[PDB]
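Peer 1: Below is the structure I would like to discuss, written out as structure tokens.
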Number of protein chains: 2
Amino acid sequence: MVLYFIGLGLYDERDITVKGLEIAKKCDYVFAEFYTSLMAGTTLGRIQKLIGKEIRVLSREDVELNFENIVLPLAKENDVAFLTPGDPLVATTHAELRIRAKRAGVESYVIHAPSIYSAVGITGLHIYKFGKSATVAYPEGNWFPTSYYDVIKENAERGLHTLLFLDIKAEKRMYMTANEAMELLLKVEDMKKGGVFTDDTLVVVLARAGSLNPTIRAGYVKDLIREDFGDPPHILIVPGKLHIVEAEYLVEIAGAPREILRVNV
Amino acid sequence: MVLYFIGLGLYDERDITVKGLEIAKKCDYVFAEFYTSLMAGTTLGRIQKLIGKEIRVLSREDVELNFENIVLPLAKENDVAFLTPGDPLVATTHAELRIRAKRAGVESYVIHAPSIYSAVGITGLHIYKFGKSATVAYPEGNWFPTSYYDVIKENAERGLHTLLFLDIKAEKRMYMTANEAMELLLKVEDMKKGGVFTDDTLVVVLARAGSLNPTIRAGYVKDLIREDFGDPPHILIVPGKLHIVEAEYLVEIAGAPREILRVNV
Ligand SMILES: Nc1ncnc2c1ncn2[C@@H]1O[C@H](CSCC[C@H](N)C(=O)O)[C@@H](O)[C@H]1O
Ligand code: NA
């Protein structure tokens, strides 16, 4: 009688931790969701093969409206696992599911896995220097999300880096590219005119972290906005004030213009 | 010809990913460092047994000063792995090691693993709400550092959470407890009187993240300062104003007093 939230990691089925795999293999029932992120280097079949169990995939509605009607009932008399991409609790609302579990009288455990939130380290930007993060959401109808612009502004004023999660609509198989995020940010700049995001802004793009050959690129928006960063998922970062070694890494590893080596203290 | 930066994860030998384990097994040489952090839930012997390889431990000096003497020469004509607790390149100075490898004509790849930066999601605090992070260091001689206090002040001012790493003498295997961190912060408050950290401040303590039985506690400093959070490592978080959902999780899962549902939201 238990429920395990088990993260599957960044890119493929092997990004699960040994702990997560060993526990999943012993569970009676295994559910999963793939709407919170995209694992571009695997399939349901490969994951099932690895854990040696059939996996029931749930939709956002199954989870958000009927988790306690679909999964919890089984966890009352069996060992159940719920798999998610990356870490199950990062930039999702899954933490609240632990409350539902408690109320169902079901004990729950969390098995972590590599998350994009810490994977940002491969960009060379010091992780402690990141400030508030935000998500660039697709405009819908007449609704045009813009709060993420204010987040960048706030962090930038403090000299902090801004991590921008990009939108996803898994049911339509829509994954926002860093290019699309940049276009939206330029449009928000045209509206608010804070001088926060322009053609001259330095940005960093990380695509398919977790793969052996992820795309890591840094440069000015005017130069990267039309660049091909490969298949999704992508994340966009707007760095704040750069330390010398951060700039050095961006130039040497992410191909940034050599002129950024010249930090403006 | 290749150097693999492989993360060991959070707490024990099973926190490495399946990908990390399989790659480490194929490497000709395996190095590791435990100066950035320790893996309190395991031993070098258990990690070696799991990987089935002899592991050469490197000191901070070995890495910071002689990485190119010790690791790169071998990576020039062999497959070499460099194991680090958590997720690779999260430690501030590690990204630069990839530049060293490039300069030496050595290819490098990063194999991610769980990091405390993302694992803190188990506290129920929204990851996007975390601001700049800091480390609470022990005062020594005539040196009494207090910058971490200012980090909390600036984050809290903006409604953001502050992740506070606690000092470690990993080489002497000495950990700073959340209790000691609280005592220190109260002293800094005494000196700065900014109204940033007091007996009435709500804090969250996370101990042994990665374990199947971590300690997650939330409450006011006056009530938690002398509480036993179990064995280290401990991390301390000073949350900013809470979303009701965050508060509900802290009450239901972290045993926080119902009082936070009206005072800290
Ligand atoms: N492997 C990856 N590479 C690049 N971006 C990624 C990524 N995985 C997730 N992302 C980013 O994060 C967004 C989903 S938010 C969910 C994150 C997940 N819980 C985790 O811990 O990693 C994606 O739309 C994308 O913007
Ligand atoms: Na952060």
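Ordered as shown in the structure tokens, chains take letters A, B, and onward, while each chain numbers its residues from 1 and ligands are numbered from 1 in the order shown.
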Could you make a table, as JSON lines, of the residues of chain A that have an atom within 6 Å of an atom of chain B, each with its nearest atom pair and distance in Å to one decimal, counting only C-alpha atoms, in chain and number order?
Peer 2:
```
{"residue": "A:14", "atom": "CA", "partner": "B:19", "partner_atom": "CA", "distance": 4.8}
{"residue": "A:15", "atom": "CA", "partner": "B:17", "partner_atom": "CA", "distance": 5.5}
{"residue": "A:16", "atom": "CA", "partner": "B:17", "partner_atom": "CA", "distance": 5.4}
{"residue": "A:17", "atom": "CA", "partner": "B:17", "partner_atom": "CA", "distance": 3.8}
{"residue": "A:18", "atom": "CA", "partner": "B:14", "partner_atom": "CA", "distance": 5.0}
{"residue": "A:19", "atom": "CA", "partner": "B:14", "partner_atom": "CA", "distance": 4.9}
{"residue": "A:89", "atom": "CA", "partner": "B:121", "partner_atom": "CA", "distance": 5.4}
{"residue": "A:90", "atom": "CA", "partner": "B:121", "partner_atom": "CA", "distance": 5.8}
{"residue": "A:95", "atom": "CA", "partner": "B:124", "partner_atom": "CA", "distance": 5.8}
{"residue": "A:113", "atom": "CA", "partner": "B:114", "partner_atom": "CA", "distance": 4.9}
{"residue": "A:114", "atom": "CA", "partner": "B:114", "partner_atom": "CA", "distance": 4.5}
{"residue": "A:121", "atom": "CA", "partner": "B:89", "partner_atom": "CA", "distance": 5.1}
{"residue": "A:124", "atom": "CA", "partner": "B:95", "partner_atom": "CA", "distance": 5.3}
{"residue": "A:126", "atom": "CA", "partner": "B:92", "partner_atom": "CA", "distance": 5.7}
{"residue": "A:128", "atom": "CA", "partner": "B:133", "partner_atom": "CA", "distance": 4.8}
{"residue": "A:129", "atom": "CA", "partner": "B:132", "partner_atom": "CA", "distance": 5.5}
{"residue": "A:130", "atom": "CA", "partner": "B:132", "partner_atom": "CA", "distance": 5.7}
{"residue": "A:131", "atom": "CA", "partner": "B:131", "partner_atom": "CA", "distance": 4.1}
{"residue": "A:132", "atom": "CA", "partner": "B:131", "partner_atom": "CA", "distance": 4.8}
{"residue": "A:133", "atom": "CA", "partner": "B:128", "partner_atom": "CA", "distance": 4.6}
```
Peer 1: Contacts of residue 236 (chain A) at 8 Å or less, counting only C-alpha atoms, minus same-chain residues fewer than 5 places along, as a list in words?
Peer 2: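 Near residue 236 (chain A), the qualifying residues are residues 163, 164, 165, 166, 178, 181, 203, 204, 205 and 206 of chain A.
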Peer 1: Residues as selected, C-alpha atoms, written as a CSV table (one decimal), in the first residue's frame, can you do that?
Peer 2:
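Dumped to part26.csv:
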```csv
chain,number,residue,atom,x,y,z
A,163,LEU,CA,15.6,30.6,-16.6
A,164,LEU,CA,12.6,30.5,-19.0
A,165,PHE,CA,10.7,27.3,-19.3
A,166,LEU,CA,9.0,27.1,-22.6
A,178,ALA,CA,13.6,29.1,-28.2
A,181,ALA,CA,10.1,32.4,-27.3
A,203,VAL,CA,20.8,35.0,-24.6
A,204,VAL,CA,21.6,31.3,-24.1
A,205,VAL,CA,19.7,28.4,-25.6
A,206,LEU,CA,19.9,24.8,-24.3
```
Peer 1: Apply DSSP to the backbone of this structure and, from region 12-243 of chain A, keep only the residues in strand (DSSP E); write these as a PyMOL selection string.
Peer 2: chain A and resi 29-32+56-57+79-84+107-111+134-136+162-166+168-169+174-175+202-207+215-220+234-238
Peer 1: Just want the 8 Å neighbourhood of residue 40 (chain A), counted on only C-alpha atoms, with same-chain residues fewer than 3 positions away dropped. Output as a list in words.
Peer 2: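 With the cut-off at 8 Å, the set is residues 11, 12, 208, 231, 232 and 233 of chain A.
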Peer 1: Restrict the selected residues to N, CA and C atoms and save them as a PDB file, in the first residue's frame.
Peer 2:
```
ATOM      1  N   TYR A  11      16.117  13.100 -20.963  1.00  0.00           N
ATOM      2  CA  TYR A  11      16.101  12.832 -22.412  1.00  0.00           C
ATOM      3  C   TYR A  11      15.611  11.427 -22.813  1.00  0.00           C
ATOM      4  N   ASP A  12      16.223  10.389 -22.211  1.00  0.00           N
ATOM      5  CA  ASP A  12      15.805   9.024 -22.541  1.00  0.00           C
ATOM      6  C   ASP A  12      15.571   8.152 -21.303  1.00  0.00           C
ATOM      7  N   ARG A 208      17.522  19.888 -25.730  1.00  0.00           N
ATOM      8  CA  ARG A 208      17.699  18.461 -25.497  1.00  0.00           C
ATOM      9  C   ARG A 208      18.785  18.114 -24.480  1.00  0.00           C
ATOM     10  N   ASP A 231      15.719  19.716 -32.666  1.00  0.00           N
ATOM     11  CA  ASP A 231      14.424  19.331 -32.124  1.00  0.00           C
ATOM     12  C   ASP A 231      14.214  19.741 -30.671  1.00  0.00           C
ATOM     13  N   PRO A 232      12.943  19.869 -30.256  1.00  0.00           N
ATOM     14  CA  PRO A 232      12.605  20.246 -28.881  1.00  0.00           C
ATOM     15  C   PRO A 232      12.953  19.065 -27.978  1.00  0.00           C
ATOM     16  N   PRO A 233      12.911  19.258 -26.650  1.00  0.00           N
ATOM     17  CA  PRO A 233      12.562  20.492 -25.937  1.00  0.00           C
ATOM     18  C   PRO A 233      13.699  21.507 -25.872  1.00  0.00           C
TER      19      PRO A 233
END
```
Peer 1: Restricting the calculation to only C-alpha atoms and all ligand atoms: of A:202, A:224, A:174, A:104, which residue gets closest to ligand 1?
Peer 2: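 Once distances to ligand 1 are computed over only C-alpha atoms and all ligand atoms, the minimum belongs to A:174.
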Peer 1: Looking at only C-alpha atoms, which of A:230, A:139, A:45, A:219 is the one that sits closest to residue 187 (chain A)?
Peer 2: A:139
Peer 1: Which is closer to residue 29 (chain B) than all the others in B:47, B:101, B:75, B:170, using only C-alpha atoms?
Peer 2: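 Once distances to residue 29 (chain B) are computed over only C-alpha atoms, the minimum belongs to B:75.
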Peer 1: How far is it from CA of residue 35 (chain A) to CA of residue 143 (chain A), in Å with one decimal?
Peer 2: 22.0 Å
Peer 1: So the first atom is CA of residue 80 (chain A) and the second is CA of residue 61 (chain A); what is the distance between them in Å, to one decimal place?
Peer 2: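 About the pair CA of residue 80 (chain A) and CA of residue 61 (chain A): they are 19.4 Å apart.
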Peer 1: Check the smallest atom-to-atom distance from each of B:83, B:186, B:258, B:237 to ligand 2 using only C-alpha atoms and all ligand atoms, then report the winner.
Peer 2: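 Closest residue, counting only C-alpha atoms and all ligand atoms: B:237.
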Peer 1: Report, in Å to a single decimal, how far apart CA of residue 41 (chain A) and CA of residue 238 (chain A) are.
Peer 2: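 Distance between the two atoms: 26.2 Å.
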Peer 1: Set the distance at 12 Å and use only C-alpha atoms: which residues neighbour residue 194 (chain B) once local chain neighbours fewer than 3 positions away are removed? I'd like the list as a compact mmCIF listing (two decimals) with C-alpha atoms, in the first residue's frame.
Peer 2:
```
# COMPACT_ATOMS: atom_id res chain seq x y z
CA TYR B 149 21.62 37.38 5.10
CA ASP B 150 21.40 40.03 2.39
CA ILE B 152 17.49 36.36 1.99
CA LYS B 153 16.53 40.01 2.41
CA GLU B 154 16.54 40.76 -1.32
CA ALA B 156 12.09 37.89 0.48
CA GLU B 157 11.55 41.52 -0.52
CA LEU B 185 21.21 33.88 11.29
CA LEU B 186 19.68 35.18 14.54
CA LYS B 187 23.09 36.60 15.46
CA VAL B 188 23.38 38.35 12.11
CA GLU B 189 19.87 39.74 12.68
CA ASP B 190 21.10 41.05 16.03
CA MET B 191 23.82 42.98 14.22
CA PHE B 197 15.40 36.51 10.27
CA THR B 198 13.76 36.35 13.70
```
